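# Notes for the structure review
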Amino acid sequence: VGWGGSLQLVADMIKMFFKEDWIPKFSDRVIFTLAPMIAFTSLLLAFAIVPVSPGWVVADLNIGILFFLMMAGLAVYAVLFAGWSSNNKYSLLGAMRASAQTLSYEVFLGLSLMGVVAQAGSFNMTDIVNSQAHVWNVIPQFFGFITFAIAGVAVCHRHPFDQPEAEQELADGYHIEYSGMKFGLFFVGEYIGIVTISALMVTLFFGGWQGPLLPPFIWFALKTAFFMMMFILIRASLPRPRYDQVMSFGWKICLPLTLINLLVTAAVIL
Amino acid sequence: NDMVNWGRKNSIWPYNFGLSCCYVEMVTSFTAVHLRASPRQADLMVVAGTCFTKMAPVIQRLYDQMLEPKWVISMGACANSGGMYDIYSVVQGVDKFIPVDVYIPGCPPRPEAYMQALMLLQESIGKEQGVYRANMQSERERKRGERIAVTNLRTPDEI
Amino acid sequence: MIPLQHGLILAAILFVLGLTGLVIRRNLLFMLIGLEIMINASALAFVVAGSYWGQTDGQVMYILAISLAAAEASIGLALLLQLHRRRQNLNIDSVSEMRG
Amino acid sequence: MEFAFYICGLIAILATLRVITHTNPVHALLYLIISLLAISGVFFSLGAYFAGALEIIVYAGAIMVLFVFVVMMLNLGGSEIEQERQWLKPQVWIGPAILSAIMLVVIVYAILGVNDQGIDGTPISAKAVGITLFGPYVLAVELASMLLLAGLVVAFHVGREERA
Amino acid sequence: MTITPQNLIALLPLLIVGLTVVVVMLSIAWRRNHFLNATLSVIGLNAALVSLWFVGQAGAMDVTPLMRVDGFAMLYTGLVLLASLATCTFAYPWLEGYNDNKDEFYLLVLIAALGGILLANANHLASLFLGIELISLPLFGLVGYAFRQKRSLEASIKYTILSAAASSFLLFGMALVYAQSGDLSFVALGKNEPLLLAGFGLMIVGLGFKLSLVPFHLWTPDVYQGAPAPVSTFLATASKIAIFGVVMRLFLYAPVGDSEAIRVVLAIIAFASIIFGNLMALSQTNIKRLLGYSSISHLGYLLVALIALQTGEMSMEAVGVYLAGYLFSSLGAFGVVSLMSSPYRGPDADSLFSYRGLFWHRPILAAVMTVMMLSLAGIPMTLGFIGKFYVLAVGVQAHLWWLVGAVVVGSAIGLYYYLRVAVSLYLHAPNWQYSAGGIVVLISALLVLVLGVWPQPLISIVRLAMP
Amino acid sequence: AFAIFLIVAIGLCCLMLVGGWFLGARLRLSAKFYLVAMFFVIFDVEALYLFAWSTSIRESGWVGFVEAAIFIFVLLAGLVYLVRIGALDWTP
Ligand code: SF4
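Residues numbered from 1 in each chain as written, not as in the entry; some residues may be left out. Chains lettered and ligands numbered in written order. Part of a larger assembly, values for the part shown. Heavy atoms only, no water. Residues with missing side-chain atoms left out of burial classes, pairs and counts.

As summarised from the PDB record, the model derives from cryo-EM at a stated resolution of 3.7 Å.

The following threshold applies: UniProt positions are given in the numbering used here, feature names are shortened, and annotations may be inferred rather than shown by experiment.
Per the PDB entry, chain F goes by NADH-quinone oxidoreductase subunit A and derives from Escherichia coli B. A UniProt comment under Catalytic activity is attached to chain F, and it reads "a quinone + NADH + 5 H(+)(in) = a quinol + NAD(+) + 4 H(+)(out)". Reading the Subcellular location entry of the UniProt record for chain F gives the comment "Cell inner membrane".

Per the PDB entry, chain A goes by NADH-quinone oxidoreductase subunit H and derives from Escherichia coli B. Quoted straight from UniProt, the Catalytic activity entry for chain A says "a quinone + NADH + 5 H(+)(in) = a quinol + NAD(+) + 4 H(+)(out)". What UniProt records for chain A under Subcellular location is the sentence "Cell inner membrane".

### Points about the overall build of chain A
Convention followed: By definition, any uninterrupted DSSP run of H or I lasting at least four residues is a helix, any uninterrupted run of E lasting at least two residues is a strand, and each is numbered from the N terminus. C-alpha atoms define the radius of gyration, and 2.2 Å times the number of residues to the power 0.38 defines the globule rule. It only takes one pair of heavy atoms within 4.5 Å for two residues to be counted as in contact.
When its secondary structure is counted, chain A shows 11 helices and zero strands. Its helices and strands in sequence order give chain A the pattern α-α-α-α-α-α-α-α-α-α-α, from N to C terminus. For chain A, whose C-alpha radius of gyration is 20 Å, the value lies close to the compact-globule estimate of 18 Å for 270 residues. For chain A, the C-alpha atoms occupy an extent of roughly 60 × 45 × 35 Å along the three principal directions. Put simply, of all contacts in chain A between residues at least 6 apart along the chain, 78% involve residues at least 24 apart.

### Here's the deal with the overall build of chain F
Counting its secondary structure elements, chain F contains three helices and zero strands. The C-alpha extent of chain F, read off along each of the three principal axes, is 60 × 50 × 15 Å.

### Points about the interface of chain D and chain C
Where we set the bar: Two parts lose some accessible area (1.4 Å probe) when they are put together, and adding that loss for both gives the buried area. Whenever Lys or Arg places a side-chain nitrogen within 4 Å of a carboxyl oxygen from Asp or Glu, that contact is recorded as a salt bridge.
Contacts between the two partners involve 66 residues from chain D, matched on the other side by 55 residues from chain C. Between chain D and chain C, the buried area comes to about 5800 Å², and carbon and sulfur atoms account for 77% of it. Among the residues chain D hides against chain C, the three largest losses belong to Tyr-59, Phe-67 and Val-158 of chain D. Together they make up 10% of the total. Summed over the shared surface of chain D and chain C, the number is one salt bridge. The partner of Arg-26 of chain C in a salt bridge is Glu-84 of chain D, with the nearest N and O atoms 3.1 Å apart.

### Notes on the site of the ligand
Formally: Throughout, the term near means that a residue has one or more heavy atoms lying within 4 Å of the molecule or strand in question. Any residue that is not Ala, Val, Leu, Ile, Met, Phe, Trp, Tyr, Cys, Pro, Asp, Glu, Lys or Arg is counted as polar, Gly included; the first ten are nonpolar and the last four charged.
All residues in the neighbourhood of the ligand are listed as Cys-21, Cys-22, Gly-49, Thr-50, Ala-77, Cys-78 and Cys-107 of chain B. Residues belonging to the shell around the ligand are distributed by class as follows: five nonpolar, two polar and no charged.

### A word on the interface of chain B and chain A
In this complex, chain B contributes 11 residues to the contact, which on the side of chain A involves 14 residues. Considering only residue class, the side of chain B that touches chain A consists of four nonpolar, four polar and three charged.

### Thoughts on the sheet that holds strand β3 (residues 71–75) of chain B
All names here are of chain B. This is how it is decided: Criterion used throughout: strands pair if DSSP finds at least two bridges between them. Axis definition: a line fitted to C-alpha atoms, limited for helices to the stretch in contact. Angles are taken between N-to-C directions and run from 0 to 180 degrees.
Taken together, four strands build an open sheet; the order of strands is β1-β2-β3-β4 and the sheet is parallel. Only two strands of the sheet have a single neighbouring strand rather than two, namely β1 (14–17) and β4 (102–104). Averaged over all adjacent pairs, the angle separating strand axes in this sheet is 20°, with direction ignored. Pairing analysis gives five bridges linking strand β2 (residues 44–48) to β3, with the strands arranged parallel. For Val-47, the partnering residue across the bridge sits in β3 and is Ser-74.

### Things to note about the packing of aromatic side chains
Stated precisely, the cut-off is as follows: When two rings of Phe, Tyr or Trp (its six-membered ring) have centres within 6.5 Å they constitute a pair, described as stacked for plane angles under 30 degrees, edge-to-face for angles over 60, and tilted for the intermediate range. Categorising residues by exposure relies on relative accessible area from a 1.4 Å probe, with only protein chains included: less than 20% of the type maximum marks a residue as buried, more than 50% marks it as exposed, and the intermediate range marks it as partly exposed. Here, a charge over a ring means that NZ of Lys or CZ of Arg falls within 6 Å of the ring centre while also lying within 35 degrees of the ring normal.
Using the criterion set out here, one finds 44 aromatic pairs over all chains in the structure. Relative to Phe-231 of chain A, the ring of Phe-227 of chain A lies with its centre 6.4 Å away and its plane at 45°, an arrangement referred to as tilted. Highlighted residues: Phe-227 of chain A and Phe-231 of chain A, both in helix α9 (residues 216–237), separated by four residues, approximately one helical turn. In terms of burial, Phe-227 of chain A and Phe-231 of chain A fall into one category: buried. An aromatic cluster of at least three residues, connected via ring pairs, comprises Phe-68, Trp-136, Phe-145, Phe-148, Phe-205, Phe-206, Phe-227 and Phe-231 of chain A. The ring of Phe-30 of chain C has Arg-25 of chain C sitting right over it, with the charged end atom 4.7 Å from the ring centre. Note that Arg-85 of chain C overlies the ring of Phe-33 of chain F, its terminal NZ or CZ placed 6.0 Å from the centroid.

### Some details on the UniProt feature "transmembrane region" in chain F
All names here are of chain F. Look at the UniProt record and you will see "transmembrane region" annotated at residues 2–22, 33–53 and 63–83. The span residues 33–53 shows a helical share of 90% and a strand share of 0%, and its end C-alpha atoms are spaced 32 Å apart. Each end of residues 63–83 is marked by a C-alpha atom, and these two atoms are 30 Å apart; helix forms 100% of the span and strand 0%.

### So, the pairing of β3 of chain B
Residue and element names in this part refer to chain B. The condition that has to hold: Convention used here: a crossover is right-handed provided that the path from the first strand, over the helix, to the second strand proceeds clockwise when the strands point away from the viewer.
When you tally the buried positions in β3, you get five out of five residues, the bulk of the element. Across the two faces of β3 the burial is the same, with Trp-71, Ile-73 and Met-75 and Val-72 and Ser-74 all buried. Since β2 and β3 lie parallel, the crossover through helix α3 (residues 56–65) that links them has a hand, and here it is right-handed.

### Overview of the pattern of salt bridges
Should the charged atoms of two oppositely charged side chains come close, the side chains can pair. Applying the stated criterion to the full structure yields 17 salt bridges over all chains. For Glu-141 of chain B, the salt bridge goes to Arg-144 of chain B, with nearest N and O atoms at 2.6 Å. The class of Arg-144 of chain B is partly exposed, set by a relative accessible area of 31%. For the salt bridge of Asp-100 of chain E with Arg-160 of chain D, the shortest nitrogen-to-oxygen distance reads 3.9 Å. In this pair, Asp-100 of chain E sits in the loop between α4 (71–95) and α5 (104–119) while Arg-160 of chain D sits in the segment after α7 (138–158), so the two residues belong to two different chains. A single network of salt bridges, built from pairs that share partners, joins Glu-167, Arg-242 and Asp-244 of chain A.

### Looking at the side chain of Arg-235 of chain A
Residues and elements named next belong to chain A. Basically, it comes down to this: We count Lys and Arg on the positive side and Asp and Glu on the negative side, and we leave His and both chain ends out.
Tracing the sequence through the fold places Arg-235 in helix α9. Of the side chains with opposite charge, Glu-165 lies nearest to the buried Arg-235, which makes no salt bridge, at 8.8 Å. The contacts of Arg-235, once residues within four sequence positions are left out, are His-157, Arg-158, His-159 and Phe-161.

### As for helix α2 (residues 12–30) of chain E
Cut-off, in case you're wondering: Expected helix span is computed as 1.5 Å times (number of residues minus one).
Along its 19 residues, α2 of chain E runs 27 Å from first to last C-alpha, staying within 8% of the 27 Å computed at 1.5 Å per residue. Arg-32 of chain E, located one to two residues past α2 of chain E, shows a positive phi value of around 55°.

### A word on the packing of helix α7 (residues 152–178) of chain E against helix α9 (residues 219–226) of chain E
All names here are of chain E. So the rule is basically this: Left-handed describes a crossing in which the near helix is turned anticlockwise from the far one by less than a right angle; the clockwise case is right-handed.
At their nearest, the axes of α7 and α9 sit 8 Å apart, and the two run at 145° to each other. Pair α7 / α9 crosses with left-handed handedness. Contacts from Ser-152, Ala-155, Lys-158, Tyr-159 and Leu-162 of α7 reach α9 at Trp-219, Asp-222, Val-223 and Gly-226. A per-class count over the contact of α7 with α9 returns five nonpolar, two polar and two charged.

### Observations regarding a nonpolar patch on the surface
For the record, the criterion: To count toward a patch, a residue needs a relative accessible area above 30% and no salt bridge. Like charges then connect within 9 Å, nonpolar side chains (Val, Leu, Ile, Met, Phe, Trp, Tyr) within 5 Å. Note on areas: these come from Shrake-Rupley sampling with a 1.4 Å probe, and a residue is covered only by the protein chains present in the view.
A cluster of nonpolar side chains, contributed by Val-135, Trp-136, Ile-139, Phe-142, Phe-143 and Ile-146 of chain A, occupies part of the molecular surface with about 610 Å² of accessible area. Topologically, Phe-142 of chain A is positioned in helix α7 (residues 142–154).

### Describing helix α2 (residues 28–52) of chain C
All names here are of chain C. The terminal C-alpha atoms of α2 lie 36 Å apart, and with 25 residues this matches the ideal 36 Å at 1.5 Å per residue to within 8%. Burial within α2 is extensive, with 25 of its 25 residues counted as buried. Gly-54 lies just past α2 and shows a positive phi near 75°.

### Comments concerning the environment of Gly-115 of chain A
Residues and elements named next belong to chain A. Following the sequence through the fold, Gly-115 ends up in helix α5 (residues 108–120). A relative accessible area of 0% means that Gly-115 is categorised as buried. Once the C-alpha coordinates of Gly-115 and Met-181 are considered, the two residues, 66 residues apart in sequence, prove to be 40 Å apart. Residues contacting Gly-115, with those up to four places away along its chain left out, are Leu-262 and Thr-265.

### Details of unusual backbone geometry
The step from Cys-107 of chain B to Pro-108 of chain B runs through a cis peptide bond, and the omega angle for that step is -10°. Structurally, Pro-108 of chain B can be placed in the loop between β4 and α5 (111–125). Even without being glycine, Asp-2 of chain B reaches a positive phi, approximately 70°. With respect to the helices, strands and loops of the structure, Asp-2 of chain B is situated in the segment before α1 (3–10). Residue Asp-2 of chain B is classed as exposed on the basis of its relative accessible area, which comes to 57%. Within the chain, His-399 of chain E stands out as a residue other than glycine whose phi angle is a positive 60°. As for its placement among the helices and strands, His-399 of chain E is situated in the loop between α15 (383–397) and α16 (401–424).

Have a look at this one:
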């Protein structure tokens with residue numbers, strides 16, 4: 001039998017290939033094709049800002065954070081052009097409510113990231129990864145860390161659990177009218193999304209490239225693997241939250257939390 | 001290379017069409033093997049339950065919806081044939097109007113029977129409905145010498 | 001190596017195209033779209049003017065210009081909401097009373 | 001540098017021409033997103049590093065999403081197509097096209113009279129706008145926050161909900 | 001520079017009003033009450049008038065590079081505050097009959113007061129933009145307040161698209177000037193190449209929409225018919241009073257406004273504003289469109305003074321006193337219009353044919369409209385005549401013969417419609433805050449009469465304020 | 001560099017799509033109430049000032065924290081206003 005956990009995703013990707021494609025009648029064609037890559041290429045190029053090595057850095061640009069926020073904002077268009085391209089009021093309203101909770105829960109990540117980039121004081125990721133040399137930026141900002149976790153798992157990562165189903169009747173999940181390779185494009189997109197959120201968490205909150213007694217790139221890789229396993233553990237443990245409870249614990253609870261977080265870091269930094 | 005065949009053997013997506021009865025054992029199986037199964041995304045349809053004359057067009061639309069590689073498992077005596085209900089209101093088997101690949105007798109079958117159905121269907125999917133000149137061998141014929149060599153069984157006055 | 005004229009004529013072209021889109025169409029959604037386009041054109045002209053002198057004077061009101069764009073688009077979209085809730089026709093000629 | 005600037009400027013120009021010629025709205029929104037991404041590329045080429053990435057996060061990531069929401073909920077596709085194309089003929093497009101072209105040629109003639117004094121793509125980092133926003137320009141930020149509160153309340157008001 | 005206590009005392013008007021918005025917003029979320037919100041909003045604006053004395057204790061100085069605080073700005077902040085005080089007292093009687101959400105009104109007027117008192121204090125081109133838009137967003141939204149009618153929404157939408165269009169012209173002009181000059185500060189500007197002048201013309205377009213000038217005046221009838229009369233009190237008086245201060249300061253400080261190239265263009269706009277106002281104003285039989293037509297001519301008289309700001313120092317006080325007289329005349333007239341709509345009444349039926357009688361219906365209120373309506377024209381014993389007299393003197397001082405002749409012939413043409421409304425209130429007939437609204441317009445009637453017959457004390461205030 | 005990686009990504013997209021092709025009116029009460037998204041459209045513009053703020057705070061100091069507290073207090077007042085009026089509540 002297959003001994004590797006990743007081999008299942010490999011077989012899934014192989015399976016999605018070479019599947020006959022049917023044309024949908026009474027549907028738009030340009031957005032039916034373009035909506036997958038707005039979800040895929042966005043988090044693919046979100047991988048372009050990781051400091052995997054000082055000598056093998058994929059991009060030595062001065063700003064990577066703003067690019068990440070630009071991808072976070074862009075991601076909604078995939079669910080929206082998918083909703084309009086569904087051309088079925090059921091699926092359209094399902095993608096409208098999914099994009100609703102998406103835009104609702106995408107607010108927090110920028111303001112939560114302001115704390116760490118303020119105690120870091122720079123946008124070049126070499127400065128952040130060199131800042132966590134002796135003390136990591138996780139001890140004071142517990143609330144910011146959990147807020148960034150919730151925001152990262154809330155962007156169409158299935159934690160809301162309203163993507164393939166709908167609590168409200170008269171409407172249906174928007175993953176029904178896609179049955180070709182686009183469904184595999186969605187899965188691979190959320191896969192690169194979760195691994196990139198984990199990588200950004202380790203290299204921006206914790207200390208990347210430390211190397212206490214072993215080479216630091218495998219130290220980063222193993223820490224990323226442990227946080228991957230913990231993310232999967234809590235994703236599985238996390239039960240489906242109905243739409244209402246998600247709306248209740250959205251703008252009410254974490255906007256004040258991040259605002260007092262900025263107040264605390266600004267008061268203690270000087 | 002046959003990499004495509006490995007791809008199709010390794011992973012399959014099940015569409016559960018269990019009906020009123022006979023689905024509690026299927027649930028017993030599914031909660032051990034596994035919200036992922038979704039309409040218009042699956043390539044495997046496990047027809048179970050009594051296929052009624054009234055709702056058969058629904059099964060024909062769901063059969064039409066799936067992709068080019070179509071597999072069908074009939075489970076239960078009520079779905080393989082008419083079963084015990086040889087009556088005006090039941091069609092005598094789902095194989096009358098859709099092709100079927102694997103037949104799983106029982107009433108209801110066991111979760112292990114569902115497991116053995118996945119094993120025989122990956123075995124069929126791994127030889128390229130194609131006989132490939134290998135499916136003439138039958139479970140009636142393959143384990144025949146296994147079953148005939150059984151002599152003694154436990155007496156039924158014990159637990 | 002680009003002088004000021006190229007960027008300023010680019011901003012002028014977007015300004016003119018946004019103004020024309022604000023004029024010619026009937027749908028209030030499309031006038032709001034042209035309004036936002038032409039706001040962006042004016043903001044682009046400001047940004048190239050600010051970056052001409054080589055100090056931090058282009059990013060200081062561009063942020064507030066896009067703040068104005070956000071607020072104006074939001075109030076306009078709510079006006080479209082209540083307009084379509086009142087009357088199904090979305091043409092500007094529906095609200096064309098008190099002529100002269 | 002020059003060829004990249006020319007090709008992205010022409011992409012922006014083509015997208016701007018495309019958004020003002022089509023009838024279906026979603027194509028126009030897509031082409032306007034393309035134009036905004038091109039403008040952010042222009043901002044990054046000029047050296048306004050805190051402008052090209054600032055436009056996308058907000059201008060092309062929230063407001064255009066609001067446009068998509070309102071055009072999606074109206075469901076105006078499939079109704080009222082023929083008469084809009086009938087009225088918007090090329091003949092009535094030429095009318096104000098030359099009137100705006102007078103403005104275009106006047107501003108081109110105004111700008112070509114000055115000297116060039118070309119500036120290179122000087123990079124401006126966020127460290128200095130973090131000071132300039134906080135230098136003379138603090139009350140601008142405060143009055144912008146009050147402006148945004150004003151936008152919030154007028155959008156809540158004129159978008160009033162009811163039983164229907 | 002940093003924050004010193006001198007800067008906070010100088011900023012006290014922008015501060016008290018901002019603290020009022022916060023307290024009003026908290027009070028709305030707490031109780032959602034009309035009486036408490038009206039009381040809280042009027043107390044903050046009255047507190048801003050009290051604190052004008054405290055900034056008078058401070059001298060002529062800067063707060064930031066964005067703003068310059070002079071004694072000129074002290075008077076303009078006062079004009080805007082009384083208009084905000086005037087509009088809330090006229091809105092309570094109109095909004096008592098409104099069906100629901102009667103509490104957002106004072107919040108938007110308070111935002112507009114912030115915008116008005118920010119264009120009084122100006123020294124940089126950006127403060128000019130933070131002020132224009134802070135006041136427009138309430139004027140975007142308050143002409144659309146009570147959108148249940150078929151014309152309020154119409155008026156709001158026409159003003160919304162056009163005001164965003166003017167702001168886009170102003171912003172594009174604002175940068176095309178800064179391409180030549182190294183700074184956008186008014187003083188630092190101009191340190192006559194065509195791009196700077198071309199950028200200047202674009203700002204004239206973006207400013208002359210809100211000042212209702214001749215090729216941009218098309219909005220002033222329609223929204224004035226569509227908007228509620230409490231909003232028309234603010235839209236006629238406060239916005240253009242606040243806006244005229246910043247456009248005068250730009251030409252006083254900037255050395256480019258000294259050149260005759262911009263001067264000739266603004267004079268022709270002023271010439272045509274008087275003519276294209278006072279000829280189309282005759283045929284109207286609607287009082288709100290009638291006042292909106294007169295607004296175009298009044299802003300034209302302000303421009304014929306402003307063109308001769310650079311010749312003689314009497315133009316400073318001339319613009320100031322005509323603005324004071326113009327405030328009092330329009331507040332009294334628009335208050336009587338709003339005071340006739342003592343309930344909400346859905347669409348108010350106001351017209352020149354609807355104002356037959358009105359002396360045997362309500363005699364005191366007819367007297368106020370007549371006194372103010374004669375004050376708009378140029379009849380003596382009224383403050384409008386002294387304001388008219390200084391703009392004639394300024395035009396004589398600067399030898400602008402065509403422009404001063406335009407004012408006289410514009411006055412000659414415009415006497416006609418003011419007099420019909422004055423006599424139409426004498427043909428044959430066809431709560432506590434309401435008494436407070438009557439007190440405001442009656443107080444203004446006494447003021448315009450005593451400052452027309454006896455105008456010296458107002459001049460002493462104006463020369464006290466001018467630097 | 002970044003351009004090479006972008007070319008690689010778009011080439012992979014072209015390769016997968018080309019390979020895939022070769023291999024072979026009235027809503028009434030429904031929807032509406034997107035005003036949470038309008039609240040986001042305005043709040044992203046508010047938070048863009050904090051995005052620009054986060055770069056330079058050590059040289060800002062005490063008046064900076066003071067007026068940032070005033071800013072977020074105004075935002076909090078607006079938020080509790082929206083809550084208490086019933087705008088921010090359960091939504092379809
Ligand atoms: S096979 Fe047995 S359990 Fe299943 S549907 Fe038929 S009768 Fe019911």
